[PDB]
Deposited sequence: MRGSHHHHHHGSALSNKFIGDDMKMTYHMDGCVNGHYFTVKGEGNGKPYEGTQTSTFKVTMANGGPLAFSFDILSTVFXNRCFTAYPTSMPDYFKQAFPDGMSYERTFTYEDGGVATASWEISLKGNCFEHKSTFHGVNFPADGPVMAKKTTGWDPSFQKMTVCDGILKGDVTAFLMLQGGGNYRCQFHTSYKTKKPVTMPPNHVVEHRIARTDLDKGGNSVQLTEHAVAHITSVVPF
């Protein structure tokens, strides 16, 4: 893992029956726990993003996490890895997502699949009324050989309110690595739309692990 890394993404998604794909590129600093990427969403039925990109943001790599130089870094040791995330929204919307991260040189290849259903036709997701995720604290624990991550996330809404989403993630390594103690990952994710429709968008994440 180098001080500076490159990224590439490809996503195959479906939300409320809407087929779509995503392409992206970015640059990040694994040791600093920072990264920035630019994405382009392509609706199968050519058109503007049909839902809040925020449902996708967290899917688009724990290698980009600042870990104390003592604590086992489950991610760094892996370098690939498989990710599986369950998103349970407070209004009945549910999304499942799984992805794989591979490394070629200084390039991280991220390939994912996303599938969301039961999102209210008029909720924050479908109506694109979200602004981004509130800073969160992801609790990392070990469960039967695999690293689990849990977080009661909050999607901020245009207007001021928030929309609750419970995240449950399984982090799987292709091979055995030294397991970490239970810990927490502090995150900051920011979304910046590059176009009105939100088809072109930029994402930045800042993450730091804390010994608890």
Relative to the deposited sequence, which regions have no modelled C-alpha positions in the structure? 1 to 18, 79, 99 to 100, 234 to 238
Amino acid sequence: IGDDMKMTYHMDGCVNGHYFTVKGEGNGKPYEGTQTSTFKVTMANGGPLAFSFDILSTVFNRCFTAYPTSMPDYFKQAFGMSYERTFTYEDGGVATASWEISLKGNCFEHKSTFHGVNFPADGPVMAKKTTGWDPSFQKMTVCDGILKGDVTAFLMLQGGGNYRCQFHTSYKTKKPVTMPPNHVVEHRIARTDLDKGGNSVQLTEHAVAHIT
From here on, numbers count along this sequence of modelled residues.
Ranked by mean Cα B-factor in the entry, 174 to 182 and 37 to 45, top stretch is 174 to 182
Per the record, averaged over C-alpha atoms, which has the higher B-factor: 82 to 90 or 67 to 75? 67 to 75
Could you tell me which third, lowest, middle or highest, the C-alpha B-factor of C14 occupies within its chain? highest
Consider only the C-alpha atoms of the modelled residues in this chain, order them by B-factor as the entry records it, and name the third containing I55: lowest, middle or highest. lowest
Based on the entry's values, in what third of the chain does the Cα temperature factor of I146 lie: lowest, middle or highest? highest
Please place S98 in the lowest, middle or highest third of its chain by C-alpha B factor as given in the entry. lowest
Chain thirds by Cα B factor, record data; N61 belongs to the lowest
